[PDB]
Amino acid sequence: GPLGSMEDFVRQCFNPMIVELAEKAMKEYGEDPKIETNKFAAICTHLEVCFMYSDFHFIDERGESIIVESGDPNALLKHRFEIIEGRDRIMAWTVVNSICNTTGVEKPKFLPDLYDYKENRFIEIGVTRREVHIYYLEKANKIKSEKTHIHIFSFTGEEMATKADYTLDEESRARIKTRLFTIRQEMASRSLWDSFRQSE
Ligand SMILES: O=c1[nH]c2cc(-c3ccc(F)cc3)ccc2cc1O
Ligand SMILES: [Mn+2]
Ligand SMILES: [Mn+2]
């Protein structure tokens, strides 16, 4: 039917915290969310995936990996992931250096998205409107010598991850995929999707 505004969609369908972090990210790099609107939506989408990836995952009081969906994360539990994406450059490198100097893991060349304290590795999260294998390769090309694990989601439910190691259980990955499908369906109802797919 009528064509919506991608700005309206972003502000309506993403949490304000996410929108704000994305606006700040874009300003930091000199890009205007009112102009690069498809990019704004992609940035919000990727941030949300990063948050959803780490949601509910802890390392227990005996120090192994568990899921707690209660809003009461009893205080002896360690969050399983450190989130790097969404931080400004200075803070992001501060966090990365701290992890590296601590855990002994090697320092990445570019900022990754997450650190996994269970698997003891950085993770790069991809979100793509294209074939996952193509985007996997591109990401890998920048990471090169790689201790950094890559995990790619598409909007159609396909995934590709380093060494066929998917890190998370099926239910967690299913939440992310359901959210991506919902984003695509909603863009489509506002006639925003075609343009957004093509602009990656
Ligand atoms: O980890 C990722 N980070 C990204 C960051 C951007 C980005 C591009 C321009 C900006 F002004 C701000 C952010 C665009 C795309 C990505 C894709 C990623 O996987
Ligand atoms: Mn990133
Ligand atoms: Mn990423």
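Values below: every heavy atom of this structure, side chains too, minus hydrogens, waters and symmetry copies. Numbers here are sequence positions counted from 1. Whatever order the structure lists them in is the order used to number ligands and atoms, beginning at 1.
- Contacts between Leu111 and ligand 1, counted as non-hydrogen atom pairs separated by less than 4.0 Å, are absent for every part of the residue.
- Across the listed options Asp113, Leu47, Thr45, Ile123, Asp113 owns the non-hydrogen atom lying nearest to atom 1 (O) of ligand 1.
- Considering backbone and side-chain N/O of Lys39, none are found under 3.5 Å from N/O of ligand 1.
- Among the atoms of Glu124, some N or O lies under 3.5 angstrom from an N or O of ligand 1.
- The distance from the Mn ion (ligand 3) to the nearest N/O/S atom of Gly126 is not under 2.8 Å.
- The name of the N, O or S atom in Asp113 nearest to the Mn ion (ligand 3) is OD2.
- Closest approach between the Mn ion (ligand 2) and any N/O/S atom of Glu85 involves OE1.
- Counting non-hydrogen atoms of neighbouring residues, nucleotides and ligands closer than 6.0 angstrom, the NZ atom of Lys27 reaches no more than 12 such neighbours.
- Contact check for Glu159 versus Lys177: side-chain heavy atoms found under the 4.5 Å cut-off.
- Under the 4.0 Å criterion applied to side-chain N and carboxylate O atoms, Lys147 and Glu106 are not assigned as salt-bridge partners.
- Under a hydrophobic-cluster definition in which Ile, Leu, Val, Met, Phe, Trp and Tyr are linked whenever side-chain heavy atoms come within less than 4.5 Å, directly or via other members, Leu111 and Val95 are assigned to the same cluster.
- Contact annotation for atom 16 (C) of ligand 1: protein absent (non-hydrogen atoms, distance under 4.0 Å).
- One finds no salt bridge joining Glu28 and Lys24 here, because no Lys/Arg side-chain nitrogen approaches an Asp/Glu carboxylate oxygen to under 4.0 Å.
- Here is the list of ligand 1 atoms found below 4.0 Å of a heavy atom in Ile125: 19 (O).
- At a 4.0 Å cut-off, at least one heavy atom of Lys139 sits close enough to ligand 1 to count as contact.
- Among the atoms of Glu124, none of the N, O or S atoms falls under 2.8 Å from the Mn ion (ligand 2).
- For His133, the NE2 atom sits in a packed shell: over 12 heavy atoms of surrounding residues, nucleotides or ligands are nearer than 6.0 Å.
- Under the 4.0 angstrom criterion for non-hydrogen atoms, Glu28 is not in contact with ligand 1.
- Among protein heavy atoms, the minimum distance from atom 3 (N) of ligand 1 is reached at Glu85 OE1, 3.2 Å.
- When side chains are defined from C-beta on, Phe153 counts as touching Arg173, because their heavy atoms get closer than 4.5 Å.
- There is a protein heavy atom less than 4.0 angstrom from atom 13 (C) of ligand 1.
- Numbered from 1 in the order shown, with element, the atoms of ligand 1 that lie under 4.0 Å from a heavy atom of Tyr29 read 11 (F), 12 (C).
- Between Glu186 and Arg190 there is a side-chain heavy-atom pair separated by less than 4.5 Å.
- Judged by distance alone, the side chain of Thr37 and the main-chain N or O of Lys34 form no donor-acceptor pair under 3.5 Å.
- None of the N, O or S atoms belonging to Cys50 lies under 2.8 Å away from the Mn ion (ligand 3).
- Among protein heavy atoms, the minimum distance from atom 10 (C) of ligand 1 is reached at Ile43 CD1, 3.9 Å.
- Between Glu36, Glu200, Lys24, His46, it is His46 that holds the heavy atom closest to atom 18 (C) of ligand 1.
- Between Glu23 and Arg11 there is a salt bridge, with a side-chain nitrogen of the basic residue lying less than 4.0 Å from a carboxylate oxygen of the acidic one.
- For the pairing with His151, the ring pair (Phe, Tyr, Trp, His ring centres under 6.0 Å) check across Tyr53, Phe81, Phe122 returns one residue only, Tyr53.
- At the Mn ion (ligand 3), the vertex angle linking NE2 of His46 with O of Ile125 is 90° (nearest 10 degrees).
- A donor-acceptor distance shorter than 3.5 angstrom exists from the side chain of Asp113 to the backbone of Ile125, with no hydrogens or angles considered.
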